[PDB]
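Colleague: Please work out how this folds:
(2 chains)
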Amino acid sequence: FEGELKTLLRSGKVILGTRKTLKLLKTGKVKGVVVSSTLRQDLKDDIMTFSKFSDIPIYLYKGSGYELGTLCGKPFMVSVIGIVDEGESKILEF
RNA sequence: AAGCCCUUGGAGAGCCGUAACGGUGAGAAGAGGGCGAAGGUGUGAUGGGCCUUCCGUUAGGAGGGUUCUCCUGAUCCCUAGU
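Modeller: Residues are numbered from 1 along each chain as shown, chains lettered A, B, ... in the order given. Take a look at the structure below.
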């Protein structure tokens, strides 16, 4: 799993921050979004509600923003991740 | 004027910011805004109030000015944090 992700950060385009991806996702212009378990529940439904409006695959992450951000490498946590380019990884099928 | 909210915005190997604690990807910075204390300023107030000149000196009568620039300052308030 992590190897697949580590490839995306290497070259594939990524989006960090809910506001941008949530702005973007409603327009149906994202390859995929992965969310850690630590998302505030007020937004989780909206993602799930907006998930079916253009059928964008979503992976649920059991982790928090930290390990997601630790894998992301940013010192601070990331609640969600936005993708507009899979690049060369093999994640989208998930 | 703080605080708290609205868009935009997009930043970390660091940035924002405090008297202090802190805030920051859950959107910081910066731009625009909104709700919005105390107070303050106009008006009320060509009326009185304050001092004062003089003549009248019973009875009263007639004028003058009442500005400007600055400072500290409450245990008297509201406003915030912690």
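Colleague: For the longest helix seen in chain A, list every residue counted as buried.
Modeller: With secondary structure taken from DSSP state H, chain A has its longest helix at helix A:41-51. By 16 or more other C-beta atoms under 10 Å, the buried positions in helix A:41-51 come out as A:47, A:50. (Each C-beta comes from the backbone N, C-alpha and C, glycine too.)
Colleague: now it, how far from the centre of its chain.
Modeller: Here helix A:41-51 is found 13 Å from its chain centre; the criterion is C-alpha atoms, centre = their mean, to the nearest Å.
Colleague: One more: stretch A:81-92?
Modeller: With C-alpha atoms, centre = their mean, you get 9 Å for stretch A:81-92.
Colleague: With stretch A:66-73 instead?
Modeller: Relative to the centre of its chain, stretch A:66-73 is centred 12 Å away, using C-alpha atoms, centre = their mean.
Colleague: got the contact list for residue A:38?
Modeller: By C-beta atoms under 8 Å, 6 or more residues apart in numbering, the contact set of residue A:38 is A:63, A:64, A:65, A:77, A:79.
Colleague: Which parts of chain A are strands?
Modeller: Remark: strands assigned in chain A by DSSP state E are A:14-16, A:32-36, A:58-61, A:80-83.
Colleague: Direction included, what does the second one pair up with?
Modeller: What it means is strand A:32-36. strand A:58-61 (parallel), strand A:80-83 (antiparallel) (DSSP bridges).
Colleague: What about the residue of chain A found nearest RNA strand B, how many residues nearby?
Modeller: Here chain A gets closest to RNA strand B at one residue, residue A:17, 1.8 Å apart by C-beta to the nearest atom of the strand. For residue A:17, the neighbour count with other C-beta atoms under 10 Å is 13.
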